[PDB]
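Data block below; observations after.
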Amino acid sequence: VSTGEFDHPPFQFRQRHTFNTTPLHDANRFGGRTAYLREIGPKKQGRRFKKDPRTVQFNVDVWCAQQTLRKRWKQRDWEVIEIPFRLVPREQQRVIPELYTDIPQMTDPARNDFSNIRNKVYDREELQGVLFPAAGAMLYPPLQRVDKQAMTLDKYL
Amino acid sequence: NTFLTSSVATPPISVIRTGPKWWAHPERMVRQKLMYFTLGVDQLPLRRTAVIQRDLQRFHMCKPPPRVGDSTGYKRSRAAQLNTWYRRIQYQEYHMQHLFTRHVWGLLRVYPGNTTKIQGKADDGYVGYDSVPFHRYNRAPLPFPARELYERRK
Amino acid sequence: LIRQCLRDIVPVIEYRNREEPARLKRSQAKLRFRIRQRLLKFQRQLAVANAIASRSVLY
Amino acid sequence: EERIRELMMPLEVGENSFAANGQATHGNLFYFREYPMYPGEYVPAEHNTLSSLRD
Amino acid sequence: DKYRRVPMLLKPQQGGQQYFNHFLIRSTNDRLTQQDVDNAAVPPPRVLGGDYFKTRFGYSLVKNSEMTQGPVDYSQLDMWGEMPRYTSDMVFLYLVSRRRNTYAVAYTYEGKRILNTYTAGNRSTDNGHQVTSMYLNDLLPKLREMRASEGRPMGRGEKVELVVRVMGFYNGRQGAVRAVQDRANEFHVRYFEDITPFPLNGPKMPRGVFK
Amino acid sequence: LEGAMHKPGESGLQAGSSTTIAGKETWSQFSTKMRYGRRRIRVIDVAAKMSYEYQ
Amino acid sequence: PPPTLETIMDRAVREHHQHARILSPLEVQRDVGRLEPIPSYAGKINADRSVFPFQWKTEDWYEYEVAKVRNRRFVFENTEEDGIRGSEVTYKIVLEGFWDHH
Amino acid sequence: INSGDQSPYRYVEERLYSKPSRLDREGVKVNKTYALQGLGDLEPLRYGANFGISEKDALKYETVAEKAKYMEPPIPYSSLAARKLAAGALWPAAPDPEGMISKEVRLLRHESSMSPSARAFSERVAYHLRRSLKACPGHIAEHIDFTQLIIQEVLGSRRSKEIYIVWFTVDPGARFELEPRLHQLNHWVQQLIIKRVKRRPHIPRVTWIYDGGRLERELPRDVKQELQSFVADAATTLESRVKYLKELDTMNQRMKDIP
Amino acid sequence: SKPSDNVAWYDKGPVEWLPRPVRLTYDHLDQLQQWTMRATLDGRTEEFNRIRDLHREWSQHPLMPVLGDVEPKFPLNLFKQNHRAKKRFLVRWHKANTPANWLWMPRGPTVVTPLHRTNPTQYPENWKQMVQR
Amino acid sequence: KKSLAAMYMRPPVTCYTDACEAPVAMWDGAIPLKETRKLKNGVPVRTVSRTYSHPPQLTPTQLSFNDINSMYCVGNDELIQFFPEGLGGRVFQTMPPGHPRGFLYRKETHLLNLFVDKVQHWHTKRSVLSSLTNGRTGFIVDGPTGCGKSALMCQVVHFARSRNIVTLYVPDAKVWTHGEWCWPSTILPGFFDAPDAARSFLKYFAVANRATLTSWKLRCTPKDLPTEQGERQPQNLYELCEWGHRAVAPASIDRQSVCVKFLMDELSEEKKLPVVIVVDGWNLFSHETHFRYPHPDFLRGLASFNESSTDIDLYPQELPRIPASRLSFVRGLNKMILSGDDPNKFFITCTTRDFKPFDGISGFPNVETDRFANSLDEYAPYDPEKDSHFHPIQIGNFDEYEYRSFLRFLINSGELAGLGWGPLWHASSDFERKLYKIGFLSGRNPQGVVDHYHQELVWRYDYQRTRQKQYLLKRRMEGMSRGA
Amino acid sequence: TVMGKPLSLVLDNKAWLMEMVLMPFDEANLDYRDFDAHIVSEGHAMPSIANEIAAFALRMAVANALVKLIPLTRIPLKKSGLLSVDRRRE
RNA sequence: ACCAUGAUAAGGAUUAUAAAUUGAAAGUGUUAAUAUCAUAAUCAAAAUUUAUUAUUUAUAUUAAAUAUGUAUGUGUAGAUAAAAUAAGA
Ligand SMILES: Nc1nc2c(ncn2[C@@H]2O[C@H](COP(=O)(O)OP(=O)(O)OP(=O)(O)O)[C@@H](O)[C@H]2O)c(=O)[nH]1
Ligand SMILES: [Mg+2]
C-alpha cells in the first residue's frame with residue numbers, strides 16, 4: 001500500500017493557483033519532473049508531445065518505476081556472491097527453483113522455519129571460513145550474541 | 001513553501017460552499033489544529049466549525065419537506081437566522097487560518113507566494129520571480145534576485 | 001438603458017422581418033359581459049399587435 | 001464525572017450549543033423509541049400488571 | 001442533486017441503537033426512585049443600619065442638620081405629591097427630536113438656560129448622537145463655572161445629576177440617549193422621562209396633512 | 001462604505017480601498033465620463049494593407 | 001501473543017471473586033424469549049496468528065501473484081494415476097457459437 | 001398526488017374546491033375528472049351525498065336572490081357530518097395567536113416601489129401618529145412606557161388596504177414591555193385615520209413591524225429594472241416576446257375572421 | 001498593464017483581504033514544533049504573548065443574533081443565467097466586507113471575556129511571582 | 001444549567017503544573033465540579049472541587065515502585081535546566097507552553113531509573129552493573145515505530161542530570177549523520193565532521209553540566225591552543241567547550257574539530273567519574289551517513305573542462321557512502337566502547353524507526369499531504385543484537401493499563417489547560433467511549449494515541465451525545481408535564 | 001486486517017475512515033477485541049483505498065459478516081442502515 | 001426529381017393508510033407554428049491524390065508605458081456531490 005500519486009491529472013481548461021486547484025504543469029508535482037513537458041507562455045513535433053495524454057502518462061510511469069527501483073535498491077543491505085554447493089549451509093542444499101517458477105518456497109518446515117528462501121540474508125561474519133580462506137587472520141570479529149537465559153535488566157534482576 | 005506562483009483570490013462564501021471537499025476536509029482540518037496546538041492557543045473557532053459541519057453532512061442527503069404555507073414569517077426567518085449564524089462562524093475560522101499561518105510563516109523564515117502580505121515582514125504584496133517583470137499592483141519594477149524578507153544565517 | 005431600448009424594439013423588428021405571416025336572454029348577456037371584460041383588460045396589449053400589422057407605429 | 005455532566009447538559013441552543021441537525025430546515029429527522037425492540041432489547045415488566053394478572 | 005438511488009435508511013443515518021436499551025432501564029429505575037420520594041420575584045437584601053447604608057449609596061437616610069421645630073399644626077401637603085422629587089442641584093436636559101433635526105438644551109432647577117440650543121446646522125440617529133455628544137462636551141465646563149460662582153466645586157468624584165426629557169418619537173431619540181449612557185462617569189441620570197405633547201385642541205394644521 | 005465611490009486616482013477596473021467621500025464621483029457619473037471620453041478611432045495603417053485594385 | 005494482563009485479571013475476577021464466568025459473545029443468549037442450542041464453535045477455536053487473520057509480507061504476495069499466472073498452462077494432464085485426474089490422452093473440443101443456448 | 005407542472009397545494013385546491021370539481025361531483029360530464037374520486041372522512045362536508053346543497057338544482061337559477069328564494073333548506077345532519085362530529089372537524093383548530101407577537105418579514109418595501117398616493121397617505125399616517133400618540137385610551141396609556149417608543153416610518157400598499165407602521169425601542173429589553181399594548185391600539189389607529197385623515201383610498205388594516213435598526217430595505221424600482229435589463233439574457237426574452245406577438249396577432253386574426 | 005479586480009488591498013488587517021490561497025504542510029508543523037521547542041528552552045515568551053494576543057482578539061465567539069436579516073444583504077436571485085456577473089459580484093461584495101467591517105465579532109477592547117486570560121502575567125510562564133505569598 | 005462556576009475558588013499554586021489551569025468558564029463542563037461538605041466550625045461547609053487534578057510534579061528521587069504505569073510531570077524551569085539540547089523526534093508534540101510537561105512512568109522506565117541510581121555510585125556496585133548489562137557497555141532500546149523509545153531516552157537525562165551526573169545527550173542522531181553539510185576533519189586525517197551539529201552539541205553540553213565540567217581538570221590537553229586577544233586559555237572542560245562553539249564564522253568550523261577530538265580524548269581517560277552517554281537513534285550511528293565521498297576531480301585541479309577526461313559537470317554518479325565510523329564524534333564513542341579499559345561509561349541508547357514507508361511500489365509523495373516529509377530516507381533493516389555491542393531491550397506498544405493513564409492525561413489535562421473542547425464538551429463523547437475508540441484506531445501505539453487524539457476532532461459516526469440529548473430533552477418535557 | 005496489511009496502514013491512519021469499520025461492532029453492542037476479521041478486496045485493485053467510498057464497502061462487509069455469525073445482530077445493524085446498499089456510479 | 005415525410009413547443013390523469021425490504025417506484029391521453037424534390041436519361045465537389053510570392057481562424061512566439069484622463073461579451077469546453085426581491089387578480 002502506497003499513498004503517492006501515480007496517474008497524471010487530465011487535460012481541461014488552464015488551471016490557476018487557487019484553493020484545491022494547482023496548475024497542470026507545476027514544480028510541486030512529481031518533484032519538478034514536469035519541467036520537461038511544461039510551457040511557460042500562457043516546432044510541431046516539439047509541441048504536441050506535451051499535450052498527448054498517452055505520452056505524458058508513459059513518462060510518469062517511467063518516473064514512478066525509477067522511484068520504485070531506488071527504494072528497492074536502498075533496501076538492499078546485502079549482495080549476491082556465488083558460493084559453491086559444498087560449502088553452503090544445510091538450508092541451501094536443496095533444489096531451488098527460479099523466480100516465478102514454483103510456489104514461494106518455505107525454507108525448512110521440518111525445523112519450524114516457514115520463510116522464503118529468496119529473502120534469506122546471511123551475515124558475513126558467519127561465512128568467513130568460506131569467503132576468506134586465503135587470509136587466515138580473521139579479518140572480521142565474531143558476532144557478540146547476547147545470552148537469552150542470563151538474568152539481565154529486562155528480567156527484573 | 002514551494003508554491004511561489006501568482007494566485008487568484010476567491011470570495012470566502014465559495015470556499016465554505018465546497019464543504020467536505022476542501023474547506024472541511026478532515027485531513028486538512030486536523031493539521032490546522034496542530035498549528036494552534038503547537039503555539040499553545042485554544043482551537044475554539046476551529047472546533048465549533050467542525051461540530052457544525054459534522055452535523056451538516058449528517059442530514060445533507062435528506063430532502064426538505066414542502067413548505068405548505070405560513071401566515072407569518074417565523075420558522076422561515078428562524079431557519080435563515082441559524083443559517084446566517086453558521087456562515088459567520090466559518091467566516092471567522094477562514095480568517096483565523098489565514099491570520100495564523102502568515103504569523104507562523106514570519107517566524108520560520110519561509111517565503112510566501114506572490115502578492116501575499118505578511119504583517120511582520122512585508123506589509124505590501126511580496127512578489128518573487130513573477131512572469132510579469134514589475135509589481136502587479138504597486139507599479140514598481142522587481143529587482144534581481146528576489147526580495148530578501150529575512151536575515152541570512154539559519 | 002440601451003439594452004432596455006434593445007429589448008423593446010428588436011422583438012418588433014424580428015417580428016416584421018423574420019416571422020410575419022402572409023396577409024389576404026340574460027345568460028347570453030352575461031357571456032357577452034365576461035368577454036367584453038376580458039378585452040377591456042388587455043385592450044392596450046391587443047392595440048399594439050394590430051398597429052404593427054397595420055404598420056401604424058410612430059418610431 | 002458522567003453523573004455531573006448529565007445535569008449540566010446544554011439542552012437548549014445557546015452560545016456554544018448549535019443545533020445544526022436541520023431541525024429548523026427539516027425538523028425531527030432522528031427517531032427515538034421508548035419501547036424495547038423485540039427481541040433485541042429487554043426491560044422487565046412492571047409489578048402492577050404482574051400483580052393484576054396474578055390476582 | 002437527486003438522491004433517489006440512496007436508500008431511506010442511509011439519508012438520516014440514525015445510529016446509536018446500542019444506547020436505547022440503556023435508556024429504558026434508566027427510565028424504569030428512576031420512576032421507582034420517585035416512589036422512594038413519594039412514600040418517604042426575589043426580595044432585595046436587608047439593611048441593618050444607616051452608618052454603612054451611607055457608604056453603600058451616595059446619600060444618607062438620617063439627616064445631620066438636626067432641624068429643631070415645633071409645628072404642632074397639620075403639615076401642608078404639596079400640590080404634586082406623586083412626582084419625581086427634584087432637588088436643587090439637578091439639571092434638566094431636553095432632547096427634541098425631529099425628522100431632519102435634533103435639539104439639546106439644558107436648564108437649571110429654576111428655568112435658567114445653561115447653554116444655547118445646539119443644531120445640526122449650527123454644529124437621523126447619529127445626527128442626534130453627535131449633537132447631544134458635542135453638547136455634553138461643552139456642558140461640563142459651563143456647569144463647573146456656573147456652580148463655582150456660588151461655592152460648589154464639583155471637581156472630583158461628583159457626578160452631574162441629570163434629568164432627561166425627550167420629545168418627538170423619531171430616530172434621533174435612539175442615538176441621543178445612548179450618547180448620554182456612555183457619560184455615566186460624568187452625568188448620573190436619575191429620572192429618565194419624556195415630554196410629549198398632548199394635542200388638546202390645536203390651532204390648525206396644513207392642507208397636506210388632512211387631504 | 002467601501003467601493004461605493006470612485007476616486008480619480010484609482011483606475012475603473014480596480015477598486016479603491018479609501019472610505020472618504022470628498023473629491024470622489026459616483027459610478028453613475030464614472031460611467032458618463034467613460035462613455036463621453038472614448039470618442040476616437042485608432043489610426044488605420046495605409047501602407048500595411050494594399051488596395052484591392054492593386055491586388 | 002498471550003492475552004493481556006487486564007484481560008486475564010478481569011476474567012479471573014468474575015470467574016472467582018464474582019462466581020459468574022465470562023462467556024464468549026457466541027454464548028450470549030441475546031434472543032429474549034428463546035433458548036438457543038449453543039453451537040460447538042463458541043469458545044473452542046484457538047486464536048493463532050498463523051491461521052487467522054491473514055497478514056503477510058508484501059514481497060511474498062508479489063511473488064505469489066506473478067508465479068500463479070505464469071504457471072497457468074504448466075500442467076501435466078495425462079498422469080499415471082487414479083480416476084478423473086489421471087489419463088493417457090486428453091481431448092478438448094472447443095465449441096464456438098453465436099448464442100449461449102446454441 | 002401527482003403535481004403535473006404545478007404546485008401540489010394549489011393543484012389539490014383546484015381539484016377540491018373549484019366549480020368544475022363540485023359540478024363533476026354532482027354529475028355534469030366535465031372534460032376529464034376534475035374532482036377527487038376516493039375519499040372517506042376526508043371528503044369536505046359541502047360535497048357529501050346526503051347534504052342539502054346540489055349544484056345541478058342550482059344551475060337553473062340565474063341570480064343569487066333566486067337561489068335564496070327557491071331552494072330548499074339544507075340537510076343539517078349526515079353520516080359524514082357524524083364522522084366529523086366524532087373527529088371534532090366541524091370547526092378548524094385555532095392557530096398560534098398572531099395578534100400581539102410581531103410581523104416578522106424579510107425585507108422592507110422602498111418608497112419608490114409604492115404609489116405616490118400611498119406615500120402621501122403614509123406621510124399623513126406618520127404625521128397623525130407622531131402627533132397624537134399620547135391621545136390614546138388611558139387604560140392602555142397607563143402601561144405604555146413612552147420613553148422607549150420610536151415610530152420610524154409608515155409603509156403602505158399601493159391602494160392602502162393595509163398599513164405597516166415600523167417601530168423599535170431604544171433599549172431592546174423594553175420591547176416586550178411595549179409589544180402587546182401597542183397591539184391594543186389598532187382600532188384606535190383606524191379611528192384616527194377615519195377622523196383625522198381625509199382622502200383615504202381604503203380604511204386600512206394596521207400592522208406593527210418591529211425593526212431594531214436591523215431589517216433591511218429592498219432595492220428601489222429603477223435600479224431593479226436596470227438590473228433585470230442588464231443581467232437577463234436577450235435570446236430567451238426575445239423569442240418569448242416574439243411568440244407573445246404571434247399569439248396576439250393570431251387572436252387579432254381570429255377576431256377578424258368571425259363576421 | 002491589464003488591471004483587474006484582484007488587487008487585494010493591504011489596509012484593513014494583518015492579512016490582505018480577498019486573501020491568497022495558502023497551504024499548510026507537515027514540514028511547516030515540524031519546523032513549528034522545533035521553533036517552539038527552542039523558544040521554550042531559551043526562555044523567550046514575548047513571541048508567545050503576541051500569538052495569544054492575536055488569539056484573544058480574533059477568536060471570540062460571534063454574537064448569536066436576533067431574527068431579521070440574512071447574510072446575502074443583496075438579493076442573489078437577480079443573477080439567474082449571468083454566471084460571470086454573479087461571481088464578479090461575490091468578489092466585490094466580500095471585498096467591501098473587510099475583517100474590520102465584520103461588526104459581529106467582539107474584537108475591540110471594550111468587551112469582556114471569561115474564556116481567555118487577558119494579561120500575560122496570568123499565564124503560567126511566571127508562576128513564582130504569585131505562588132503563595 | 002447547573003454551573004457551580006461562580007462558587008469555585010482557585011487552589012493555591014505550588015508548582016508549574018498547578019499554574020497551568022485555565023479560567024473556570026472554559027473547563028466547567030469539560031472537567032465537572034463536585035461539592036464536598038466538611039465539618040469545620042459548622043456542619044455544612046460547601047467546598048466545590050474539581051473531579052480531575054493535575055498529576056503531581058515529582059523529582060526522580062521521589063518516583064517509586066508504586067508509580068509504575070502512572071503519570072507524573074516536570075517543571076518548566078526543570079525542563080530548561082535539564083534539556084538545553086531539546087527532546088526527541090516526537091516527544092515535544094504533546095507539550096506546548098500552556099500544557100504541563102507530563103511523562104508516563106512505565107515499568108521499563110523504573111528499571112532504568114534504578115540503574116542510574118546505581119551508576120551514581122558505580123565503584124561499589126560494579127559487579128551489580130556488570131550483571132545487569134551482561135558485561136556489555138550499555139543498553140540499546142529497540143522496538144516498533146512510535147513506541148516509547150525517544151520518550152524513554154529523554155527520561156534518562158532527567159534521571160541522571162537530577163542526580164548531578166555528567167551526561168552526553170544527542171537529542172536526535174539525524175543532525176550528525178543526515179546533516180546539512182559534511183566537512184573533513186582538520187587534525188584527523190581521513191575523518192570527517194558535522195560542523196553545525198558539533199557547535200550545537202558543544203554549546204548545550206557546556207550549559208547542561210556546568211556544575212561538573214568546571215571541576216573537570218584538563219589532563220591530556222595541550223595548553224598552546226590558538227587564542228585571540230582578550231580570551232583566556234581553557235583550564236577546565238567547561239572552558240574547552242566554550243572555546244570551541246563560541247567563535248566567529250568561519251573560524252568556528254575548524255575550532256570544533258579541535259575541540260571535539262580533545263573532548264573525546266579527555267573523556268576516555270577519566271576512570272573515576274561516571275559518564276552516562278545517551279544517544280537517540282544509535283542505528284544511524286551504526287551504518288552509513290547519508291553523505292558521500294567527493295569526486296577526486298574536485299581536488300585534482302583542472303585547466304579546462306573540454307580537454308580533461310572528466311564528466312563531473314556532465315553526468316552525476318554515486319560514490320561509495322561514508323560510514324558513521326569516519327566521523328570524529330562517533331570515533332571517540334567507538335573508542336570507548338571497543339577498548340575494555342573503560343568500565344565507567346554506560347551507553348543507554350536507543351534506535352529510531354522514523355524512516356519513510358515503502359510497501360512494494362512508490363509514487364511521488366504529495367507536497368501538501370505528507371506526514372513523512374521530514375522522515376529519513378534509509379529503508380534499511382536493523383538488528384540491534386548483530387549491529388551493536390549493547391544489550392537489546394525490547395519494548396512494545398502500550399497495554400491497557402498505561403494506555404488508560406496516558407489518555408486520561410491527554411484528554412483531561414488538555415481541557416484543564418485550555419487546549420481541548422472546553423465549552424464544546426457536549427459534542428464529544430465521554431472518556432469510556434474515547435478509550436474504546438482510540439484503542440481501536442491506534443492499537444495502543446503511543447504515537448497513534450497522540451495522533452488519533454488530534455483526529456478525535458473529525459469523528460463523524462459517533463452517536464452517543466445525540467441520543468443522550470434526545471433522552472434528556474424527552475425526560476425534561478415529561479417532568480414538566482407531571483408538574484402541570 | 002485488509003489484504004494482508006493492518007487497518008492503520010491500509011487507510012493511512014485516518015480516523016474518519018477506520019471508524020466506519022468499527023460501526024458494525026458498536027451498534028451491535030459488541031467488543032471488537034473478541035473478533036478477528038480479514039477483508040479481501042475483489043473489485044478494482046488500487047495502491048490506496050483511503051477514501052470514504054471504499055470505507056463504505058468496508059463497513060458493509062463487516063456488517064454482513066456480523067449477521068452471518070450472530071443472527072440477532074441484524075436487528076440494530078439494519079436500523080442503523082449499515083446493511084443498506086446505495087446505487088451511485090461515476 | 002418539387003408526393004401526401006419528419007422533427008419543436010405546450011397542457012392531462014392512476015396507485016401508495018406498510019417501519020419491512022439491498023432497493024416503497026412505474027406504466028397510459030390532446031392543440032398551435034415550421035417543414036415535405038425518389039418512375040426520372042450521364043459524366044470525376046473534398047471520385048480523388050500532390051505542389052508554389054499569396055486568403056484565414058487557430059499554433060506558439062511576442063514588448064514598452066505611472067506628465068494628466070481612462071478602457072467589463074456573446075460563446076467555446078470537462079465531469080457534474082450549493083440554492084427563496086417575485087405575486088395561483
Ligand atoms: N509523556 C510521555 N509520552 C510518551 C511516552 N511514551 C510514548 N509517548 C508518546 O509517544 C510518542 C512516541 O515517542 P517516541 O519515543 O519519539 O517514538 P519513537 O519510538 O522514538 O519513534 P521513532 O523515532 O520513529 O522510532 C511521543 O510523541 C509521545 O507523545 C511516555 O512515556 N511519556
Ligand atoms: Mg525516536
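Chain labels run A, B, ... following the order of the C-alpha cells; each chain numbers its residues from 1, and ligands are numbered from 1 in the order shown.
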
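Proximity to chain L at a cut-off of 10 Å picks out residues 10, 11, 12, 13, 39, 41, 42, 43, 44 and 47 of chain A on chain A, counting only C-alpha atoms (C1' of nucleotides).
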
Go through the chains and note each residue within 12 Å of ligand 2, using only C-alpha atoms (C1' of nucleotides) and all ligand atoms, then give the set as a compact mmCIF listing (two decimals) with N, CA, C and O atoms, in the first residue's frame.
```
# COMPACT_ATOMS: atom_id res chain seq x y z
N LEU J 87 14.49 17.80 22.96
CA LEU J 87 13.95 16.48 23.26
C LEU J 87 14.05 15.60 22.03
O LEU J 87 14.75 15.94 21.07
N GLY J 88 13.36 14.46 22.03
CA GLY J 88 13.43 13.52 20.93
C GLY J 88 12.75 13.96 19.64
O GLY J 88 12.49 15.15 19.43
N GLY J 89 12.46 13.00 18.77
CA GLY J 89 11.89 13.33 17.47
C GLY J 89 10.44 13.79 17.56
O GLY J 89 10.03 14.72 16.87
N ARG J 90 9.65 13.14 18.42
CA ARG J 90 8.23 13.45 18.54
C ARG J 90 7.79 13.61 19.99
O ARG J 90 6.60 13.49 20.28
N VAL J 91 8.72 13.88 20.90
CA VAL J 91 8.35 13.97 22.31
C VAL J 91 7.66 15.30 22.61
O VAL J 91 6.66 15.33 23.33
N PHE J 92 8.16 16.39 22.04
CA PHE J 92 7.64 17.72 22.33
C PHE J 92 6.34 18.05 21.58
O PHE J 92 5.88 19.19 21.64
N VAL J 141 17.82 0.22 23.06
CA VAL J 141 16.38 0.04 23.19
C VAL J 141 15.78 0.01 21.79
O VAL J 141 15.86 1.00 21.05
N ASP J 142 15.18 -1.11 21.43
CA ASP J 142 14.63 -1.31 20.10
C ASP J 142 13.19 -1.77 20.20
O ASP J 142 12.80 -2.44 21.16
N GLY J 143 12.40 -1.41 19.19
CA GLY J 143 11.01 -1.78 19.11
C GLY J 143 10.39 -1.28 17.83
O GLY J 143 11.08 -0.88 16.89
N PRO J 144 9.05 -1.29 17.76
CA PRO J 144 8.38 -0.75 16.57
C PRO J 144 8.41 0.77 16.54
O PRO J 144 8.90 1.41 17.47
N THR J 145 7.90 1.36 15.46
CA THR J 145 7.89 2.81 15.34
C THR J 145 6.85 3.42 16.27
O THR J 145 5.80 2.84 16.54
N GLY J 146 7.17 4.60 16.79
CA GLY J 146 6.22 5.36 17.57
C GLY J 146 5.99 4.88 18.98
O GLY J 146 5.08 5.37 19.65
N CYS J 147 6.79 3.93 19.47
CA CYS J 147 6.68 3.48 20.85
C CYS J 147 7.48 4.42 21.75
O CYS J 147 7.90 5.51 21.35
N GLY J 148 7.69 4.03 23.00
CA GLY J 148 8.40 4.89 23.92
C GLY J 148 9.91 4.74 23.86
O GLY J 148 10.53 4.37 24.85
N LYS J 149 10.52 5.03 22.71
CA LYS J 149 11.97 4.95 22.59
C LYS J 149 12.63 6.29 22.91
O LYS J 149 13.43 6.39 23.85
N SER J 150 12.32 7.34 22.14
CA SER J 150 12.86 8.66 22.44
C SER J 150 12.17 9.27 23.65
O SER J 150 12.75 10.14 24.32
N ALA J 151 10.95 8.84 23.95
CA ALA J 151 10.27 9.29 25.16
C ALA J 151 10.90 8.69 26.41
O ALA J 151 10.78 9.27 27.49
N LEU J 152 11.54 7.53 26.28
CA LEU J 152 12.29 6.98 27.40
C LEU J 152 13.68 7.61 27.51
O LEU J 152 14.18 7.78 28.62
N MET J 153 14.29 7.96 26.38
CA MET J 153 15.66 8.48 26.39
C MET J 153 15.73 9.88 27.00
O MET J 153 16.72 10.21 27.65
N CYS J 154 14.69 10.70 26.80
CA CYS J 154 14.65 11.99 27.47
C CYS J 154 14.37 11.85 28.96
O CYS J 154 14.68 12.77 29.73
N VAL J 170 22.69 13.21 22.88
CA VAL J 170 22.40 13.51 21.48
C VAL J 170 20.89 13.43 21.31
O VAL J 170 20.33 12.32 21.35
N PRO J 171 20.18 14.55 21.14
CA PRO J 171 18.71 14.50 21.13
C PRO J 171 18.13 13.86 19.89
O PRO J 171 17.04 13.28 19.96
N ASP J 172 18.81 13.95 18.75
CA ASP J 172 18.43 13.22 17.55
C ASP J 172 19.67 13.05 16.69
O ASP J 172 20.34 14.03 16.38
N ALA J 173 19.97 11.81 16.32
CA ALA J 173 21.19 11.49 15.59
C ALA J 173 21.13 11.89 14.12
O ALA J 173 22.15 11.78 13.43
N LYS J 174 19.98 12.33 13.62
CA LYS J 174 19.87 12.76 12.23
C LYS J 174 20.41 14.16 11.99
O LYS J 174 20.36 14.64 10.85
N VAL J 279 22.17 8.35 23.48
CA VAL J 279 22.08 8.66 22.06
C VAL J 279 20.70 8.23 21.56
O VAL J 279 20.33 7.06 21.72
N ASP J 280 19.96 9.16 20.98
CA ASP J 280 18.67 8.87 20.36
C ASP J 280 18.93 8.45 18.92
O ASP J 280 19.34 9.28 18.10
N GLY J 281 18.68 7.19 18.61
CA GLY J 281 18.89 6.70 17.26
C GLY J 281 20.30 6.21 17.00
O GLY J 281 20.98 6.72 16.11
N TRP J 282 20.74 5.21 17.77
CA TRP J 282 22.07 4.64 17.58
C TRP J 282 22.20 3.88 16.27
O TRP J 282 23.32 3.71 15.77
N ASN J 283 21.09 3.43 15.68
CA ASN J 283 21.12 2.74 14.40
C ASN J 283 21.58 3.64 13.26
O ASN J 283 22.05 3.14 12.23
N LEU J 284 21.46 4.96 13.41
CA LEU J 284 22.03 5.88 12.43
C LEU J 284 23.54 6.00 12.60
O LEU J 284 24.25 6.26 11.62
N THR J 349 21.30 3.75 25.11
CA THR J 349 20.87 4.38 23.88
C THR J 349 19.64 3.66 23.34
O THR J 349 19.10 2.74 23.96
N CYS J 350 19.18 4.11 22.17
CA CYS J 350 18.02 3.51 21.52
C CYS J 350 18.17 3.66 20.02
O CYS J 350 19.14 4.24 19.52
N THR J 351 17.19 3.14 19.28
CA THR J 351 17.14 3.24 17.84
C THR J 351 15.97 4.13 17.42
O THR J 351 15.16 4.55 18.24
N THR J 352 15.91 4.41 16.12
CA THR J 352 14.79 5.14 15.55
C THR J 352 14.24 4.38 14.35
O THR J 352 14.99 3.76 13.60
N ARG J 353 12.92 4.42 14.20
CA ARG J 353 12.22 3.84 13.07
C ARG J 353 11.45 4.91 12.32
O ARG J 353 10.34 4.69 11.83
N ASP J 354 12.05 6.10 12.21
CA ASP J 354 11.42 7.25 11.57
C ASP J 354 11.57 7.25 10.06
O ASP J 354 11.43 8.32 9.44
N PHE J 355 11.87 6.11 9.44
CA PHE J 355 12.04 6.04 8.00
C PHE J 355 10.69 6.16 7.29
O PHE J 355 9.62 6.01 7.88
N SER J 375 10.95 12.79 7.26
CA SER J 375 11.36 11.45 7.63
C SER J 375 12.70 11.10 6.98
O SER J 375 13.20 11.80 6.10
N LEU J 376 13.29 10.00 7.44
CA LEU J 376 14.59 9.56 6.97
C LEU J 376 14.46 8.69 5.73
O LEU J 376 13.55 7.86 5.63
N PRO J 446 1.79 4.30 20.92
CA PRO J 446 1.86 5.61 21.61
C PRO J 446 1.85 6.81 20.68
O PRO J 446 1.28 7.85 21.04
N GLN J 447 2.46 6.71 19.49
CA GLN J 447 2.32 7.79 18.52
C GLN J 447 0.91 7.82 17.94
O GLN J 447 0.37 8.89 17.67
```

message = as a list in words, please: the residues near residue H:181 (cut-off 8 Å, only C-alpha atoms (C1' of nucleotides), same-chain neighbours under 3 positions excluded).
response = residues 140, 143, 144, 177, 178, 184 and 185 of chain H

Grab the residues selected above and save them as a PDB file, in the first residue's frame with C-alpha atoms.
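Saved file part_35.pdb follows:
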```
ATOM      1  CA  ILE H 140     -53.553  51.394  27.754  1.00  0.00           C
ATOM      2  CA  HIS H 143     -48.824  50.897  30.964  1.00  0.00           C
ATOM      3  CA  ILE H 144     -47.055  52.152  27.819  1.00  0.00           C
ATOM      4  CA  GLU H 177     -42.923  45.712  27.615  1.00  0.00           C
ATOM      5  CA  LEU H 178     -44.145  47.759  24.625  1.00  0.00           C
ATOM      6  CA  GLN H 184     -54.185  47.060  21.636  1.00  0.00           C
ATOM      7  CA  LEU H 185     -54.196  50.291  19.588  1.00  0.00           C
TER       8      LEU H 185
END
```

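The environment of residue G:61 within 10 Å, counting only C-alpha atoms (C1' of nucleotides) and disregarding residues fewer than 5 places along the same chain, consists of residues 104 of chain A; 56, 66 and 67 of chain G; 360 of chain J; 3 and 4 of chain K.
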
Interface list for chain B, partner chain I, 7 Å threshold, only C-alpha atoms, as an mmCIF file with C-alpha atoms, in the first residue's frame:
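Heads up, here's the output in iface-v7.cif:
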```
data_model
loop_
_atom_site.group_PDB
_atom_site.id
_atom_site.type_symbol
_atom_site.label_atom_id
_atom_site.label_comp_id
_atom_site.auth_asym_id
_atom_site.auth_seq_id
_atom_site.Cartn_x
_atom_site.Cartn_y
_atom_site.Cartn_z
ATOM 1 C CA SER B 7 -2.516 33.267 -7.478
ATOM 2 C CA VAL B 8 -6.209 34.088 -7.872
ATOM 3 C CA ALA B 9 -8.261 35.132 -4.853
ATOM 4 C CA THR B 10 -11.675 33.638 -4.100
ATOM 5 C CA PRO B 11 -14.587 35.003 -2.050
ATOM 6 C CA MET B 35 -0.778 24.620 14.204
ATOM 7 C CA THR B 38 1.847 23.855 18.810
ATOM 8 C CA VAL B 41 -3.728 28.512 21.953
ATOM 9 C CA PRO B 45 -13.346 28.655 16.377
ATOM 10 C CA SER B 77 -36.906 33.587 9.276
ATOM 11 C CA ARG B 78 -35.599 31.408 12.121
ATOM 12 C CA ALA B 80 -32.358 31.674 7.918
ATOM 13 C CA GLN B 81 -31.283 33.110 11.284
ATOM 14 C CA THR B 84 -26.515 33.136 8.653
ATOM 15 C CA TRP B 85 -25.079 32.323 12.088
ATOM 16 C CA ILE B 89 -18.545 31.290 12.446
ATOM 17 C CA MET B 96 -8.312 32.582 11.790
ATOM 18 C CA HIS B 98 -5.101 32.986 7.176
ATOM 19 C CA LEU B 99 -4.055 35.125 10.154
ATOM 20 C CA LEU B 108 10.005 30.033 10.354
ATOM 21 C CA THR B 116 0.966 37.792 -0.322
ATOM 22 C CA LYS B 117 1.129 40.075 2.723
ATOM 23 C CA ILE B 118 2.870 39.046 5.943
ATOM 24 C CA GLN B 119 2.269 41.721 8.578
ATOM 25 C CA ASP B 123 3.110 44.920 4.512
ATOM 26 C CA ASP B 124 2.811 45.187 0.735
ATOM 27 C CA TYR B 137 -0.490 46.285 -8.093
#
```
